[PDB]
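**Q** One structure, as structure tokens, below. Some questions next.
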Amino acid sequence: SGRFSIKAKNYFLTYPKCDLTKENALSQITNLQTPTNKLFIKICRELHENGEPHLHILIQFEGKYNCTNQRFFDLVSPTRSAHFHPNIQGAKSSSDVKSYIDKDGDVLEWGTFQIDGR
């Protein structure tokens with residue numbers, strides 16, 4: 001009696017124990033089309049204490065993007081015949097995104113972020 005439908009301006013992709021690189025995810029994500037428009041793209045890598053390689057991503061579209069399908073963010077290994085299903089999360093409102101975006105260091109940056117308001 002319910003369907004998985006995500007609606008937000010910003011989205012966060014999390015790849016658990018994913019050996020996927022930011023470049024591949026960046027190219028794939030960047031190449032990933034949307035019903036809206038991609039503005040800024042922040043890709044930061046993080047290692048889990050479980051010894052598993054984790055990957056964090058933060059994208060923000062010009063308009064509220066509807067991610068009611070976990071097939072769009074379906075990233076696969078261009079080096080291995082393995083597919084990875086990242087966790088799609090809708091980031092509500094908050095500058096916390098800017099804070100994290102500013103938290104650069106050994107990360108990839110694409111597009112230009114813009115805070116709505118005055």
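In the structure tokens, chains take letters A, B, ... by order of appearance, with residues numbered from 1 within each chain and ligands from 1 in the order shown.
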Write out as a ChimeraX atom specification each polymer residue whose atoms come within 12 Å of residue 69 (chain A), counting only C-alpha atoms; drop sequence neighbours fewer than 6 positions from it.
**A** /A:3-7,34,85-89
**Q** For the selection just defined, write its residues with C-alpha atoms to a file, as a PDB file, in the first residue's frame.
**A**
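Saved result, again.pdb, follows:
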```
ATOM      1  CA  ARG A   3       5.679   2.891  -3.234  1.00  0.00           C
ATOM      2  CA  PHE A   4       9.280   4.004  -2.890  1.00  0.00           C
ATOM      3  CA  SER A   5       9.306   7.581  -4.127  1.00  0.00           C
ATOM      4  CA  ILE A   6      11.986  10.078  -3.173  1.00  0.00           C
ATOM      5  CA  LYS A   7      11.500  13.780  -3.800  1.00  0.00           C
ATOM      6  CA  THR A  34      17.652  13.489 -14.867  1.00  0.00           C
ATOM      7  CA  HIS A  85      23.147  -0.721  -5.847  1.00  0.00           C
ATOM      8  CA  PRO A  86      23.832   2.475  -3.888  1.00  0.00           C
ATOM      9  CA  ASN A  87      21.473   3.820  -1.252  1.00  0.00           C
ATOM     10  CA  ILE A  88      19.475   6.779  -2.509  1.00  0.00           C
ATOM     11  CA  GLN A  89      18.665   9.419   0.079  1.00  0.00           C
TER      12      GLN A  89
END
```
**Q** Mind the document's chain letters and residue numbers, and return as a VMD selection string the residues of chain A that DSSP labels strand (DSSP E).
**A** chain A and resid 7 to 15 38 to 47 53 to 66 75 to 76 83 to 84 87 to 91 108 to 110
**Q** Take the residues from that selection and write them out as a CSV table (one decimal), in the first residue's frame, keeping N, CA and C atoms.
**A**
```
chain,number,residue,atom,x,y,z
A,7,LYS,N,11.6,12.5,-3.2
A,7,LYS,CA,11.5,13.8,-3.8
A,7,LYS,C,12.3,14.8,-3.0
A,8,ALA,N,13.4,15.3,-3.6
A,8,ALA,CA,14.2,16.3,-2.9
A,8,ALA,C,15.1,17.0,-3.9
A,9,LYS,N,15.6,18.1,-3.5
A,9,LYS,CA,16.5,18.9,-4.4
A,9,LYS,C,17.9,18.3,-4.4
A,10,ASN,N,18.3,17.8,-3.2
A,10,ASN,CA,19.6,17.2,-3.1
A,10,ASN,C,19.5,15.7,-2.8
A,11,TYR,N,20.4,14.9,-3.3
A,11,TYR,CA,20.4,13.5,-3.1
A,11,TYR,C,21.8,13.0,-2.6
A,12,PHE,N,21.8,12.0,-1.8
A,12,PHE,CA,23.0,11.4,-1.2
A,12,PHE,C,23.1,9.9,-1.6
A,13,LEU,N,24.2,9.6,-2.3
A,13,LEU,CA,24.4,8.2,-2.7
A,13,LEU,C,25.5,7.6,-1.8
A,14,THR,N,25.2,6.4,-1.2
A,14,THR,CA,26.1,5.7,-0.4
A,14,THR,C,26.4,4.3,-0.9
A,15,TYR,N,27.6,4.1,-1.1
A,15,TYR,CA,28.0,2.8,-1.6
A,15,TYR,C,28.8,2.0,-0.6
A,38,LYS,N,21.3,18.8,-13.2
A,38,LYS,CA,22.4,18.6,-12.2
A,38,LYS,C,23.2,19.9,-12.1
A,39,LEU,N,23.3,20.4,-10.9
A,39,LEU,CA,24.1,21.6,-10.6
A,39,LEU,C,25.5,21.3,-10.1
A,40,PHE,N,25.5,21.0,-8.8
A,40,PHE,CA,26.8,20.7,-8.1
A,40,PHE,C,26.9,19.2,-7.8
A,41,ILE,N,28.1,18.7,-7.8
A,41,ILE,CA,28.3,17.3,-7.5
A,41,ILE,C,29.6,17.2,-6.6
A,42,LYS,N,29.3,16.7,-5.4
A,42,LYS,CA,30.4,16.5,-4.4
A,42,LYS,C,30.6,15.0,-4.2
A,43,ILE,N,31.8,14.5,-4.4
A,43,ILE,CA,32.2,13.1,-4.2
A,43,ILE,C,33.3,13.0,-3.2
A,44,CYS,N,33.0,12.4,-2.0
A,44,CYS,CA,34.0,12.2,-1.0
A,44,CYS,C,34.0,10.7,-0.6
A,45,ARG,N,35.3,10.3,-0.4
A,45,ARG,CA,35.5,8.9,-0.1
A,45,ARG,C,35.6,8.7,1.4
A,46,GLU,N,35.1,7.6,1.9
A,46,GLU,CA,35.2,7.3,3.4
A,46,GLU,C,35.3,5.8,3.6
A,47,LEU,N,36.3,5.5,4.5
A,47,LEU,CA,36.5,4.1,4.8
A,47,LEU,C,35.8,3.8,6.1
A,53,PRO,N,35.5,-0.5,2.2
A,53,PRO,CA,35.6,0.8,1.6
A,53,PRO,C,34.2,1.4,1.3
A,54,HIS,N,34.0,2.6,1.8
A,54,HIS,CA,32.7,3.3,1.6
A,54,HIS,C,32.9,4.5,0.7
A,55,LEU,N,31.8,4.9,0.1
A,55,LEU,CA,31.8,6.0,-0.8
A,55,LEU,C,30.6,6.9,-0.6
A,56,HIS,N,30.9,8.2,-0.5
A,56,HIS,CA,29.8,9.2,-0.2
A,56,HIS,C,29.7,10.1,-1.4
A,57,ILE,N,28.5,10.5,-1.7
A,57,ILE,CA,28.2,11.4,-2.8
A,57,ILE,C,27.1,12.4,-2.5
A,58,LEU,N,27.2,13.6,-2.9
A,58,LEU,CA,26.2,14.6,-2.6
A,58,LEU,C,25.9,15.4,-3.9
A,59,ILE,N,24.8,15.3,-4.5
A,59,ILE,CA,24.4,16.0,-5.7
A,59,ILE,C,23.2,16.9,-5.4
A,60,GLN,N,23.1,18.0,-6.1
A,60,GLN,CA,22.0,18.9,-5.9
A,60,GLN,C,21.5,19.4,-7.2
A,61,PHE,N,20.2,19.1,-7.5
A,61,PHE,CA,19.6,19.5,-8.8
A,61,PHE,C,18.9,20.9,-8.6
A,62,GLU,N,18.8,21.6,-9.8
A,62,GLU,CA,18.2,22.9,-9.8
A,62,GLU,C,16.7,22.8,-9.3
A,63,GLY,N,16.1,21.6,-9.6
A,63,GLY,CA,14.7,21.4,-9.2
A,63,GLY,C,14.6,20.1,-8.4
A,64,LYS,N,13.5,20.0,-7.7
A,64,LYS,CA,13.3,18.8,-6.9
A,64,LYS,C,13.2,17.6,-7.8
A,65,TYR,N,14.2,16.7,-7.6
A,65,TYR,CA,14.3,15.5,-8.4
A,65,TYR,C,13.5,14.4,-7.8
A,66,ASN,N,12.8,13.6,-8.6
A,66,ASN,CA,12.1,12.5,-8.1
A,66,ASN,C,12.8,11.2,-8.4
A,75,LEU,N,25.0,1.8,-10.3
A,75,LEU,CA,26.4,1.9,-10.8
A,75,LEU,C,27.0,0.5,-10.9
A,76,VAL,N,27.8,0.3,-11.9
A,76,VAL,CA,28.4,-1.0,-12.1
A,76,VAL,C,29.9,-0.8,-12.3
A,83,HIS,N,27.6,-5.4,-10.5
A,83,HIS,CA,26.8,-4.3,-10.4
A,83,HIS,C,26.6,-3.9,-8.9
A,84,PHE,N,26.5,-2.6,-8.7
A,84,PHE,CA,26.4,-2.1,-7.3
A,84,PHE,C,25.1,-1.2,-7.2
A,87,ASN,N,22.6,3.4,-2.0
A,87,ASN,CA,21.5,3.8,-1.3
A,87,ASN,C,21.1,5.3,-1.6
A,88,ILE,N,19.9,5.5,-2.1
A,88,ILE,CA,19.5,6.8,-2.5
A,88,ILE,C,18.8,7.4,-1.3
A,89,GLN,N,19.2,8.7,-1.0
A,89,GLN,CA,18.7,9.4,0.1
A,89,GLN,C,18.4,10.9,-0.3
A,90,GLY,N,17.2,11.3,0.0
A,90,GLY,CA,16.8,12.7,-0.3
A,90,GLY,C,17.1,13.6,0.8
A,91,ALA,N,18.0,14.6,0.5
A,91,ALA,CA,18.4,15.6,1.4
A,91,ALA,C,17.4,16.7,1.4
A,108,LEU,N,36.6,14.8,-5.1
A,108,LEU,CA,36.4,15.4,-6.4
A,108,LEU,C,35.2,16.4,-6.4
A,109,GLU,N,35.4,17.4,-7.1
A,109,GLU,CA,34.4,18.5,-7.2
A,109,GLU,C,34.0,18.8,-8.6
A,110,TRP,N,32.6,18.8,-8.8
A,110,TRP,CA,32.1,19.1,-10.1
A,110,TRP,C,30.9,20.0,-10.0
```
**Q** Quick check for you: according to DSSP on this backbone, which residues of chain A are classed as alpha helix (DSSP H)? Reply as a list in words.
**A**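 Result set for chain A (alpha helix (DSSP H)): residues 22, 23, 24, 25, 26, 27, 28, 29, 30, 31, 96, 97, 98, 99, 100, 101 and 102 of chain A.
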**Q** Have a look at CA of residue 67 (chain A) and CA of residue 105 (chain A) and let me know their distance in Å, one decimal.
**A** 28.5 Å
**Q** For residue 117 (chain A), please output as a list in words all residues within 12 Å (counting only C-alpha atoms; exclusion window: fewer than 6 positions along the same chain).
**A**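 Everything that qualifies: residues 93, 94 and 95 of chain A.
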**Q** Emit the selected residues as a short mmCIF file (atom, residue, chain, number, x, y, z; two decimals), in the first residue's frame, including N, CA and C atoms.
**A**
```cif
data_model
loop_
_atom_site.label_atom_id
_atom_site.label_comp_id
_atom_site.auth_asym_id
_atom_site.auth_seq_id
_atom_site.Cartn_x
_atom_site.Cartn_y
_atom_site.Cartn_z
N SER A 93 16.02 20.29 3.30
CA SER A 93 16.60 21.62 3.29
C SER A 93 17.61 21.76 4.43
N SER A 94 18.69 22.48 4.14
CA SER A 94 19.73 22.70 5.12
C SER A 94 21.05 23.03 4.42
N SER A 95 21.80 23.94 5.04
CA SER A 95 23.07 24.35 4.48
C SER A 95 24.15 23.32 4.83
#
```
**Q** Measuring between only C-alpha atoms, which one of A:72, A:82, A:103, A:16 shows the shortest distance to residue 31 (chain A)?
**A**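 Once distances to residue 31 (chain A) are computed over only C-alpha atoms, the minimum belongs to A:72.
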